[PDB]
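Before any questions on how it binds or moves, here is one chain, the form deposited in one PDB entry, in structure tokens.
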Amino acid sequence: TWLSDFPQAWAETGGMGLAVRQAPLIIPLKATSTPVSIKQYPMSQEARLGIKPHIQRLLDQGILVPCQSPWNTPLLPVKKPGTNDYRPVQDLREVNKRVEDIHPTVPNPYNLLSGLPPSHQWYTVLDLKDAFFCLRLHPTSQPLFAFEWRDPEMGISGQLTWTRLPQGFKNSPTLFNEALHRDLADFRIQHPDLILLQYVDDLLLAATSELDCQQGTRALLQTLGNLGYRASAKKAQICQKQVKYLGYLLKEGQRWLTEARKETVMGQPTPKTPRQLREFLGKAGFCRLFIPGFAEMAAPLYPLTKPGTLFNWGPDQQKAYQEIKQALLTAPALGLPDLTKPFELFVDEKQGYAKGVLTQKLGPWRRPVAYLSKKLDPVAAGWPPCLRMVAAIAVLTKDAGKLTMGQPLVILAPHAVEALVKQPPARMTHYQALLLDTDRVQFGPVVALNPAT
């Protein structure tokens, strides 16, 4: 029923999008710059047919118009991680080095989910289709982007410039972020209760009750409809407690992990080459926030990653592999950090590997927010156990800052090394400033912690 009410907002009915608020944008160039013409790189016959339907449909919408320009870059298809859609990519390698640089303002994936509070339990995830094509491109900068496409059936051979912001351009993610942010900035004012999270094109709406989400979703759809952006209706989780956003499951205000992601990590067999081990490590690393003490757990496999070495899968390596497989089976539910309340961090350090968990108050219990673990630098590796904990706290406190948004937090550790920092038995002065800042960090009652935590 959502599609019928807002014909101007859904991509399956509203057609092509066009930002009616942002003006056409001139793509600037460096002072010492000259046009460069690069011939279209060879493309396989299977990949050529992938893009061809897109060019035919891109021509009808007016995005691609024939032109004669001295700039020319080789078109290149990139198939989606799924199926063989073969999305069109311009391959602006040479133009990127020639185009000017602007300060990026895109949000990093670590900090978006930190803004989501556990109070807002109802979600509505909308993803905007053909996001980068919404912004119009000034005809002056249109000759900058071009490519050679000759099809005898079409009857047109030559360059086809883009009238909108192309894909594969280095400034596209930044320019699209600001453009969308200004349009929705007015929406945020009108609805103080709603929490709107924006990731390039993906939008997440968080509300308190079911009725609040329904009212907010209608306003958001109406707002985007006038602005011209079109949202895909095939994949749009609306008014559901269970939503998938940023690759994370969101249920009961907890940042779960998708069951499919766990299957991929364990599904791979025992690695036999450094390339095979590198593939497995990367999957595990994305889940490092869920696995407690992941730095020490995957310690044996790290020296095997080096390009110059012999891949000897010894019994110790198999023990490290089994630990990661079993840890991901029972990965806990990381809670959404609440910025209003203070944080709590447990720190522990055994055998030169720092481990800990960031927790927050949940009723009478503590709920984990993110598991933090690191490998101590070799300079701190040789330190005595009393001094090793001081270095371990500093490393983990740096990691906690990237998620707590700079809010004050309490560092709890078994030992009482908090007084040791004041009177230790260059770098030490750096550690003193980080750990003694009462505004950002403090030490609570000294107490041990459970090994699992």
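Whichever C-alpha set is largest while still superposing within 1.5 Å between the two forms counts as the rigid core. The numbering used is simple: start at 1 and walk along the sequence shown.
Engineer: In a third or more of the other entries compared, is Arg427 missing its coordinates?
Structural biologist: That residue is missing from at least a third of the other compared entries.
Engineer: Using the PDB record, quantify the missing residues of the deposited sequence between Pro425 and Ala426 as none, 1 to 3, 4 to 9, or 10 or more.
Structural biologist: 4 to 9 residues lack coordinates between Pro425 and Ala426.
Omitted here: the form deposited in another entry. The next part is about that form.
Engineer: Superpose on the rigid core and name the single residue from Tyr248, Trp122, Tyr199, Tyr86 whose Cα moves by 2 angstroms or more between the shown form and the other one.
Structural biologist: Single hit from the list, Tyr86.
Engineer: My question is whether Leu362 is one of the residues whose C-alpha shifts by 2 Å or more between the shown form and the other one, given a fit on the rigid core.
Structural biologist: Yes, the C-alpha moves 2 Å or more.
Engineer: After the core is overlaid between the shown form and the other one, has the C-alpha of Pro53 moved by 2 angstroms or more?
Structural biologist: Yes; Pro53 is a residue whose C-alpha shifts (by 2 Å or more) between the shown form and the other one when the cores are overlaid.
Engineer: Would you tell me if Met43 moves between the shown form and the other one by 2 Å or more at its C-alpha, with the rigid core held superposed?
Structural biologist: Yes, the C-alpha moves 2 Å or more.
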